[PDB]
Amino acid sequence: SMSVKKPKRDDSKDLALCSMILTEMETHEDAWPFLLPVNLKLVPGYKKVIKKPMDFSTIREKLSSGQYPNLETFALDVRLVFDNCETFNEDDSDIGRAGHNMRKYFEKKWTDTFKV
Ligand SMILES: Cn1cc(C(=O)NCCN2CCCC2)ccc1=O
């Protein structure tokens, strides 16, 4: 409360650590469905069904331009990528399995990096 401060984790490395995680996502073999925005004029249904599209290159732009206030907002956009994937793709399609693979890959790095 007012003038009563909870001890706070050191957040000074967060930007560089989220950038390192994002780099490893971008270089993952199954990243290819997520590297660029889904082409709304070539993929039927995507615009109407998926209300908040998101991809690694948009995340990288937002990270390089100070559009994430904290690490939780960065993780929310990463998870949005995979939530959108599940909404639109069959679990066992190539794109759909890629999404499940990438989500697991991301959450481990997230726990390994920040749940010290
Ligand atoms: C995440 N997501 C991606 C697509 C897609 O077609 N991505 C472009 C794939 N390119 C084709 C070869 C190179 C990459 C469709 C639905 C979807 O949910």
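Calculation criteria
- Residues numbered from 1 in each chain as written, not as in the entry; some residues may be left out.
- Heavy atoms only, no water.
- Patch = residues over 30% accessible without salt bridge, like charges linked within 9 Å, V, L, I, M, F, W, Y side chains within 5 Å.
- Areas by Shrake-Rupley, 256 points an atom, 1.4 Å probe, with all protein chains shown as cover.
- Salt bridge = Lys/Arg side-chain N within 4 Å of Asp/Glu carboxyl O.
- Helix = DSSP H or I, 4+ residues; strand = E, 2+ residues; numbered from the N terminus.
- Buried < 20%, exposed > 50% of the residue type's maximum accessible area, 1.4 Å probe, protein only.
- Axes fitted to C-alpha atoms, helices over the stretch in contact; angles between N-to-C directions.
- Parallel < 35°, antiparallel > 145°, perpendicular 65-115°, else oblique.
- Contact = heavy atoms within 4.5 Å.
- Nonpolar A, V, L, I, M, F, W, Y, C, P; charged D, E, K, R; others polar.
- Near = heavy atom within 4 Å.
- Polar contact = N/O pair within 3.5 Å; in protein donor to acceptor, adjacent residues only side chain to side chain.
- Left-handed = near helix turned anticlockwise from the far one by under 90°.

Its PDB header attributes the entry to X-ray crystallography and lists the resolution as 2.050 Å.

Enquirer: Describe a nonpolar patch on the surface, naming the residues involved and giving the relevant values.
Expert: A cluster of nonpolar side chains, contributed by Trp32, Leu35, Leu36 and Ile95, occupies part of the molecular surface with about 390 Å² of accessible area. Structurally, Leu36 is set in the loop between α1 (14–26) and α2 (46–49). Note on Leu36: relative accessible area 59%, which makes it exposed.

Enquirer: For the packing of helix α3 (residues 56–64) against helix α4 (residues 71–88), give the residues involved together with the corresponding values.
Expert: Relative orientation of the contacting elements α3 and α4 amounts to 170°, with a least axis distance of 10 Å. Taken as axis vectors, α3 and α4 run roughly antiparallel relative to one another. Residues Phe56, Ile59, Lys62 and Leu63 of α3 touch α4, and the partners they reach there are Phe74, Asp77, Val78, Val81 and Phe82. For the contact of α3 with α4, a count of residues per class yields seven nonpolar, no polar and two charged.

Enquirer: Help me get a handle on the site of the ligand, residues and values and all.
Expert: Around the ligand, a shell composed of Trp32, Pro33, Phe34, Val38, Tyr46, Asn89 and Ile95 is seen. A distance of 2.9 Å is found between an oxygen atom of the ligand and a side-chain nitrogen or oxygen belonging to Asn89. Within the complex, the protein chains bury 57% of what would otherwise be the 450 Å² of accessible surface of the ligand. A class-by-class count of the residues in the shell around the ligand yields six nonpolar, one polar and no charged.

Enquirer: Go over the environment of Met54, please, and point to the residues and values.
Expert: Within the secondary structure layout, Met54 lies in the loop between α2 and α3. For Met54 and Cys85, which are 31 residues apart along the polypeptide, the C-alpha to C-alpha distance reads 9.8 Å. Leaving out residues up to four positions away in the same chain, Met54 has contacts with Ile59, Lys62, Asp77, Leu80, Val81 and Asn84.

Enquirer: Hey, could you go over the packing of α4 against helix α5 (residues 94–114) for me, with residue numbers and the actual values?
Expert: Look at α4 against α5: their axes get within 8 Å of each other, and the N-to-C directions meet at 160°. What the angle tells us is that α4 and α5 run roughly antiparallel. Read as a crossing pair, α4 and α5 show a hand that is left-handed. Contacts between α4 and α5 involve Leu71, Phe74, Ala75, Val78, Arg79, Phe82, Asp83, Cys85 and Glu86 from the first element and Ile95, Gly96, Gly99, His100, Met102, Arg103, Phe106, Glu107, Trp110 and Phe114 from the second. Among the residues making up the contact of α4 with α5, the classes are represented as 11 nonpolar, three polar and five charged.

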